[PDB]
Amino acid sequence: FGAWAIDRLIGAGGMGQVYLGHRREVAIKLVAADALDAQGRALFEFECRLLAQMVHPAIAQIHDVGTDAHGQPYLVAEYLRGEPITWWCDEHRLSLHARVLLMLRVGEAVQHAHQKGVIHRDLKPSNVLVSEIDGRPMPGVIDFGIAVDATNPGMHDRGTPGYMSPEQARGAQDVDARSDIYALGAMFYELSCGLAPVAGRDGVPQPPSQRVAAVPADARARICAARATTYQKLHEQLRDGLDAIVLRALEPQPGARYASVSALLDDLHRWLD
């Protein structure tokens, strides 16, 4: 496949596959040939350009973009070793404080993409990988959405309930940076209390503190061990500000949410300080 050579499959979308490859280990994303019309293909090339311009340690470089000999659009990107952020933090038993530091780093990568006019649209643990580099947990944000609104509509869909914003779930036209903010909120909720956000009748989850308070003692013990804390300290630290921050990010109305990932970061730093 060009200067690049497929090793194994690592993902599928029904309208695209991702493979592990190599010249440097790469990801090679193939797009189904009938998924993008002339306009979608234009939009795809442009957004691929925008992505290629990002220079941030937490975002994969873009090596190549083209169309294969089967009519499929492709991109080659850096392959990032790592594990889903939530799973990684549990395995290495990070404190809330170390988790929030990683949240800042993830937020800084998403904020860098927003500033270059790029919105991810599918943030979730499997697209936010962590490894240890020079002793520190360092995140990698992968698999940005490209030309998602231009896809052949003749083709359980879209993103993941819980992470995807209500607007995206209602198939809305105006999906903006605030949708990534919602998804960060949902990820940060899980990092904080070890339980998924479940939107209740008013489209808002319980505060993390109340969520972990309701679960049985065995679930409670596991969550607290994975954060190197007692239940009572976990409950208090969440109540101290992480509840408010994650709930602001998870406001069902975009207008009531953080207006920017920059505003979310400021509140995370105020909690740490």
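Residue numbers run from 1 along the displayed sequence.
- The deposited sequence places no unmodelled residues between residue 172 and residue 173, so the chain runs continuously there.
- Where coordinates are absent for parts of the deposited sequence, a chain break appears; between neighbours residue 23 and residue 24 it spans 4 to 9 residues.
- The mean C-alpha temperature factor is higher for 52-60 when 226-234 and 52-60 are set side by side.
- As the entry records it, the average C-alpha temperature factor is higher for 71-79, out of 71-79 and 192-200.
- For the set 132, 91, 143, 180, the PDB entry assigns the largest Cα B-factor to 132.
- By the numbers in the PDB entry, the CA B factor is greatest at 158 among 105, 121, 158, 112.
- Placement of the Cα temperature factor of residue 37 within the chain: middle third of the modelled residues, per the deposited record.
- Among all modelled residues in its chain, residue 18 ranks in the highest third by Cα B-factor.
- Among the modelled residues of its chain, residue 153 has a C-alpha B-factor that falls in the highest third, as given in the PDB entry.
- Looking at the C-alpha B-factors along this chain, the one for residue 9 belongs to the highest third.
- Looking at the C-alpha B-factors along this chain, the one for residue 268 belongs to the lowest third.
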